[PDB]
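my_file.txt follows; it contains compact mmCIF, C-alpha atoms (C1' of nucleotides).
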```
# COMPACT_ATOMS: atom_id res chain seq x y z
CA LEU N 732 0.00 0.00 0.00
CA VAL N 733 2.85 2.40 0.80
CA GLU N 734 4.99 1.36 -2.18
CA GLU N 735 2.29 1.62 -4.86
CA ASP N 736 0.52 4.72 -3.45
CA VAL N 737 -2.77 2.88 -2.97
CA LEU N 738 -3.88 4.83 0.11
CA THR N 739 -2.30 8.19 -0.75
CA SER N 740 -4.09 11.54 -0.45
CA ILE N 741 -3.15 15.12 -1.31
CA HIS N 742 -3.74 17.85 1.28
CA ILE N 743 -3.46 21.56 0.48
CA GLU N 744 -2.83 24.19 3.16
CA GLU N 745 -3.28 27.96 2.78
CA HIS N 746 -1.10 30.54 4.56
CA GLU N 747 -2.02 34.23 4.46
CA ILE N 748 -0.36 37.38 5.81
CA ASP N 749 -1.54 40.98 5.53
CA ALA N 750 0.32 44.30 5.81
CA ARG N 751 -2.35 46.67 7.09
CA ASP N 752 -2.10 50.40 7.84
CA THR N 753 -0.97 51.00 11.42
CA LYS N 754 -1.18 54.12 13.56
CA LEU N 755 2.55 54.16 14.34
CA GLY N 756 3.68 53.58 10.76
CA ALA N 757 3.20 51.81 7.45
CA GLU N 758 3.77 48.09 6.90
CA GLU N 759 5.72 47.03 3.81
CA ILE N 760 6.34 43.50 2.51
CA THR N 761 9.90 43.14 1.21
CA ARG N 762 12.96 40.93 1.61
CA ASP N 763 14.84 43.19 4.02
CA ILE N 764 14.79 40.88 7.08
CA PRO N 765 17.49 42.74 9.06
CA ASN N 766 18.58 39.87 11.35
CA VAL N 767 19.07 36.60 9.45
CA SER N 768 21.81 34.67 7.67
CA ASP N 769 22.34 34.57 3.89
CA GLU N 770 21.13 31.03 3.11
CA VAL N 771 17.60 31.65 4.42
CA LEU N 772 16.69 34.03 1.57
CA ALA N 773 17.79 31.67 -1.22
CA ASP N 774 14.24 30.77 -2.30
CA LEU N 775 12.77 34.29 -2.16
CA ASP N 776 12.23 36.26 -5.37
CA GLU N 777 12.79 39.99 -5.91
CA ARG N 778 9.51 40.94 -4.18
CA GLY N 779 10.20 38.93 -1.02
CA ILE N 780 7.99 35.87 -1.59
CA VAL N 781 8.92 32.26 -2.27
CA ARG N 782 8.98 30.89 -5.81
CA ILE N 783 6.31 28.57 -7.17
CA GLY N 784 7.44 24.96 -6.91
CA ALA N 785 10.09 25.57 -4.25
CA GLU N 786 9.85 23.06 -1.41
CA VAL N 787 9.52 24.64 2.04
CA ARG N 788 10.46 22.85 5.27
CA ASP N 789 9.46 23.64 8.85
CA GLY N 790 10.66 27.07 9.93
CA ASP N 791 11.37 28.34 6.41
CA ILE N 792 10.36 31.88 5.46
CA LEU N 793 7.37 32.11 3.12
CA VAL N 794 6.61 35.85 3.03
CA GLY N 795 8.97 38.49 4.38
CA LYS N 796 7.13 41.38 6.04
CA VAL N 797 8.81 44.14 8.03
CA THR N 798 6.67 46.40 10.22
CA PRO N 799 7.70 49.60 12.03
CA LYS N 800 8.57 49.17 15.70
CA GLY N 801 8.51 52.76 16.98
CA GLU N 802 10.67 54.57 19.49
CA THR N 803 11.77 52.10 22.18
CA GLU N 804 14.35 52.31 24.97
CA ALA D 2 25.80 75.15 27.81
CA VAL D 3 25.63 74.21 24.11
CA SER D 4 26.74 76.45 21.26
CA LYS D 5 24.19 77.47 18.65
CA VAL D 6 26.09 75.76 15.82
CA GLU D 7 26.14 72.49 17.76
CA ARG D 8 22.42 72.84 18.50
CA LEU D 9 21.59 73.40 14.83
CA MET D 10 23.79 70.47 13.79
CA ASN D 11 22.04 68.20 16.30
CA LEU D 12 18.63 69.39 15.09
CA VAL D 13 19.41 68.82 11.41
CA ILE D 14 20.96 65.40 12.09
CA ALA D 15 17.93 64.34 14.13
CA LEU D 16 15.55 65.53 11.41
CA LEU D 17 17.52 63.81 8.63
CA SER D 18 17.97 60.48 10.42
CA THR D 19 14.31 60.20 11.51
CA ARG D 20 11.93 58.64 8.98
CA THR D 21 8.78 59.86 10.78
CA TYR D 22 7.52 63.34 11.60
CA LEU D 23 8.51 64.60 15.05
CA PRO D 24 6.41 67.02 17.12
CA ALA D 25 7.87 69.94 19.04
CA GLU D 26 7.72 68.21 22.43
CA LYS D 27 9.79 65.23 21.25
CA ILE D 28 12.44 67.56 19.81
CA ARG D 29 12.48 69.52 23.08
CA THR D 30 12.94 66.37 25.16
CA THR D 31 15.40 64.52 22.89
CA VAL D 32 17.64 66.98 21.02
CA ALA D 33 20.30 68.51 23.27
CA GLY D 34 20.28 72.26 23.86
CA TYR D 35 16.48 72.53 24.14
CA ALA D 36 16.39 71.29 27.76
CA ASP D 37 17.64 74.60 29.24
CA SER D 38 14.63 76.70 28.21
CA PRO D 39 13.13 78.40 31.30
CA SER D 40 9.62 78.42 29.80
CA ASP D 41 7.67 76.71 27.05
CA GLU D 42 7.09 80.00 25.21
CA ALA D 43 10.83 80.74 25.20
CA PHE D 44 11.53 77.29 23.77
CA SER D 45 8.87 77.79 21.09
CA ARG D 46 10.36 81.15 20.10
CA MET D 47 13.88 79.69 19.97
CA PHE D 48 12.72 76.73 17.89
CA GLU D 49 10.85 79.01 15.48
CA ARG D 50 13.94 81.19 15.07
CA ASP D 51 16.17 78.16 14.45
CA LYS D 52 13.70 76.68 11.96
CA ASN D 53 13.48 80.00 10.10
CA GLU D 54 17.27 80.22 9.98
CA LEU D 55 17.56 76.66 8.64
CA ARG D 56 14.84 77.29 6.05
CA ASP D 57 16.68 80.43 4.93
CA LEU D 58 19.70 78.25 4.04
CA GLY D 59 17.68 76.21 1.52
CA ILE D 60 17.09 73.05 3.56
CA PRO D 61 13.67 71.68 2.45
CA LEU D 62 11.86 71.04 5.72
CA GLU D 63 8.49 69.31 5.35
CA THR D 64 5.66 69.74 7.85
CA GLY D 65 2.84 67.24 8.25
CA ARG D 66 0.83 65.20 10.70
CA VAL D 67 2.67 62.71 12.90
CA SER D 68 0.26 59.95 11.85
CA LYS D 69 -2.94 59.50 9.88
CA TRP D 70 -4.66 58.76 13.22
CA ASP D 71 -3.18 61.77 15.06
CA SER D 72 -3.67 65.52 14.74
CA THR D 73 -0.35 66.95 15.97
CA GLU D 74 2.00 68.20 13.26
CA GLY D 75 5.60 67.06 12.89
CA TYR D 76 8.82 67.93 11.09
CA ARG D 77 10.84 65.92 8.58
CA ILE D 78 13.58 66.65 6.04
CA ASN D 79 13.30 64.78 2.75
CA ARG D 80 16.55 63.00 1.94
CA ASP D 81 15.90 63.00 -1.81
CA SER D 82 15.51 66.78 -2.01
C1' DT J 1 -52.39 21.19 57.37
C1' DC J 2 -51.88 22.16 52.38
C1' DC J 3 -49.51 24.37 48.21
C1' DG J 4 -48.15 27.92 44.47
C1' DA J 5 -43.11 30.32 44.24
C1' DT J 6 -38.33 30.27 44.21
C1' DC J 7 -33.59 28.49 44.06
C1' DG J 8 -29.86 24.64 43.63
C1' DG J 9 -28.00 21.24 40.44
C1' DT J 10 -27.44 18.46 35.60
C1' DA J 11 -19.05 14.40 33.17
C1' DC J 12 -14.65 14.87 30.56
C1' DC J 13 -10.40 15.62 26.27
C1' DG J 14 -10.33 17.35 21.29
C1' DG J 15 -12.46 22.34 18.15
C1' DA J 16 -14.44 27.34 17.31
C1' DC J 17 -13.89 32.42 16.53
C1' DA J 18 -15.37 39.18 15.68
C1' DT J 19 -23.02 43.27 14.75
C1' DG J 20 -25.95 45.50 11.04
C1' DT J 21 -28.30 52.38 13.25
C1' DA J 22 -28.35 57.47 13.24
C1' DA J 23 -34.80 62.88 12.30
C1' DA J 24 -30.08 68.48 12.82
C1' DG J 25 -27.89 73.30 12.50
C1' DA J 26 -25.79 77.77 14.01
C1' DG J 27 -23.29 81.30 17.06
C1' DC J 28 -19.65 82.15 20.45
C1' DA J 29 -15.70 81.00 23.11
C1' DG J 30 -11.41 78.46 24.93
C1' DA J 31 -6.76 75.92 24.26
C1' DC J 32 -2.74 75.00 21.24
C1' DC J 33 0.42 75.45 17.23
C1' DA J 34 2.77 77.28 12.69
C1' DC J 35 3.99 81.72 10.77
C1' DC J 36 5.77 86.12 12.23
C1' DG J 37 7.10 92.11 13.98
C1' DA J 38 10.25 94.72 18.33
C1' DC J 39 14.49 95.30 22.13
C1' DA J 40 17.99 95.34 25.32
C1' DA J 41 21.68 92.29 27.45
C1' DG J 42 25.13 88.65 27.04
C1' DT J 43 28.24 86.41 23.69
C1' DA M 1 28.78 91.76 14.64
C1' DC M 2 25.46 87.49 16.51
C1' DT M 3 22.17 85.59 19.43
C1' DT M 4 18.29 85.03 22.91
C1' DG M 5 14.59 85.78 26.79
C1' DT M 6 10.51 88.58 26.87
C1' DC M 7 6.38 90.69 24.49
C1' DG M 8 2.42 90.86 21.24
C1' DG M 9 -0.54 89.40 16.59
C1' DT M 10 -2.96 86.16 12.70
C1' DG M 11 -5.18 82.30 11.23
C1' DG M 12 -6.16 77.54 11.40
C1' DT M 13 -7.85 73.28 13.98
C1' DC M 14 -9.91 70.63 17.80
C1' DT M 15 -13.16 70.93 21.57
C1' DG M 16 -17.28 72.45 24.41
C1' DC M 17 -21.50 75.20 25.69
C1' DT M 18 -26.08 77.56 24.65
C1' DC M 19 -29.93 78.34 21.65
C1' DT M 20 -33.91 77.48 18.27
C1' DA M 21 -41.06 79.54 19.90
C1' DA M 22 -47.78 77.08 15.21
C1' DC M 23 -49.40 72.28 17.90
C1' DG M 24 -47.62 68.22 19.75
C1' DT M 25 -48.71 64.92 26.48
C1' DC M 26 -48.84 57.79 30.32
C1' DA M 27 -43.94 52.09 25.39
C1' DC M 28 -44.30 47.49 23.06
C1' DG M 29 -42.75 42.86 23.66
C1' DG M 30 -42.79 38.93 25.60
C1' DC M 31 -39.68 34.54 26.52
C1' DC M 32 -41.58 30.80 28.51
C1' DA M 33 -42.33 26.24 26.21
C1' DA M 34 -36.61 20.83 30.78
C1' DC M 35 -36.75 17.89 35.26
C1' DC M 36 -36.24 16.75 40.15
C1' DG M 37 -35.57 18.00 44.85
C1' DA M 38 -35.60 21.17 49.01
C1' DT M 39 -37.27 25.28 51.51
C1' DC M 40 -39.77 29.59 52.98
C1' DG M 41 -44.11 32.19 52.95
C1' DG M 42 -49.72 32.47 52.56
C1' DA M 43 -54.55 30.39 52.86
```
How would this structure read if it were set down as structure tokens?
Amino acid sequence: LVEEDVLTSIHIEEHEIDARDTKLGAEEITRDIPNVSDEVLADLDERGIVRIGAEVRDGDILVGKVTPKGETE
Amino acid sequence: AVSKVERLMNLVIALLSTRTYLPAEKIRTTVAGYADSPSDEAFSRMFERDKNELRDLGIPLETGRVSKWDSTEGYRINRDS
DNA sequence: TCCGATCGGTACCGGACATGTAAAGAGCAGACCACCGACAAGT
DNA sequence: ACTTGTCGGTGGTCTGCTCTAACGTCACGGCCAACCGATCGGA
């Protein structure tokens, strides 16, 4: 059953993220990501989203959104 | 005791390096040289004089609201211009 | 002695989700800020 | 020579208070719609 894919099903999951308008600033979706390494952003395109057909594991970045933090001590 | 040139340099650096509009109170509290004003009116007059002097030199200061959800006006210097 | 009211209670783990109307308008005043004029004393 | 604390003015915006004079005069809306047991207050 495992070898010949007799009892095999396909499950599709949907992930969504929104960059709304905040009081303290404006939210922009881009591949800035100030604190990461260099290998994490290998699969992201120019606009900061993953490419179609690129396998994603647990913990991988799908959409890179950076939001303003404000004045903090 | 801060010289006027140092005060103006601090003010212009703070305006240039800040990406959001800053109200008068934040500039008074943060930027050095504005903490020695005996009264609020004296600080306002000094700030108006300094802003007029900076505007006379051709620096394109922009005035607008701090946020779309707030009414107080702020100051910002466009880096492109 | 009988009986119409009132208050107390009724298993567990897993999960799921966010409101729907306004019968108005005008005159006067107060607080605060971006733009400004003078004027003498300290720098 | 340059600069600043002190003084006074305009106009805009946000916020609050007071006023308006034909005649007008005591609300629907109703869930509840279980089931058993114990207790206090009227008849």
Show me, as JSON, numbers by chain, the residues that have an atom within 8 Å of residue 764 in chain N when counting only C-alpha atoms (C1' of nucleotides), minus same-chain residues fewer than 2 positions from it. {"N": [761, 762, 766, 767, 795, 796, 797]}
Go through range 8-82 of chain D residue by residue and, counting all atoms listed in the file, keep those with an atom at most 9 Å from range 733-757 of chain N; for each kept residue give the shortest atom pair and its distance in Å to one decimal, ordered by chain and increasing number, as CSV.
```
residue,atom,partner,partner_atom,distance
D:21,CA,N:756,CA,8.1
D:67,CA,N:755,CA,8.7
D:68,CA,N:754,CA,6.2
D:69,CA,N:754,CA,6.8
D:70,CA,N:754,CA,5.8
D:71,CA,N:754,CA,8.0
```
Can you work out which one of D:22, D:3, D:81, D:34 has the shortest atom-to-atom distance to residue 65 in chain D, counting all atoms listed in the file? D:22
Quick one: of D:19, D:82, D:4, D:53, who's nearest to residue 34 in chain J, counting all atoms listed in the file? D:53
By how many Å are CA of residue 804 in chain N and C1' of residue 33 in chain J apart? 28.1 Å
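Separating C1' of residue 43 in chain J from CA of residue 2 in chain D is a distance of 12.2 Å.
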Select residues of chain D: the criterion is any atom within 12 Å of an atom of chain J, counting all atoms listed in the file; output as a PyMOL selection string. chain D and resi 4-5+24-26+42+45-46+48-50+52-53+64-65+72-76
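Between CA of residue 23 in chain D and CA of residue 37 in chain D the interatomic distance comes to 19.6 Å.
Shortest atom-to-atom contact with residue 6 in chain D among D:51, D:59, D:66, D:30: D:51, counting all atoms listed in the file.
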Coordinates of box centre and edge lengths for range 6-11 of chain J, 6 Å on every side, axis-aligned, as lines of an AutoDock Vina configuration file:
```
center_x = -28.7
center_y = 22.3
center_z = 38.7
size_x = 31.3
size_y = 27.9
size_z = 23.0
```
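For range 17-30 of chain J, the residues within 9 Å (counting all atoms listed in the file, excluding itself and residues fewer than 6 positions away along the chain) are residues 15, 16, 17, 18 and 19 of chain M.
Residues in contact range of residue 36 in chain M, defined as at most 12 Å between only C-alpha atoms (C1' of nucleotides), with sequence neighbours fewer than 6 positions away removed, read residues 8, 9 and 10 of chain J.
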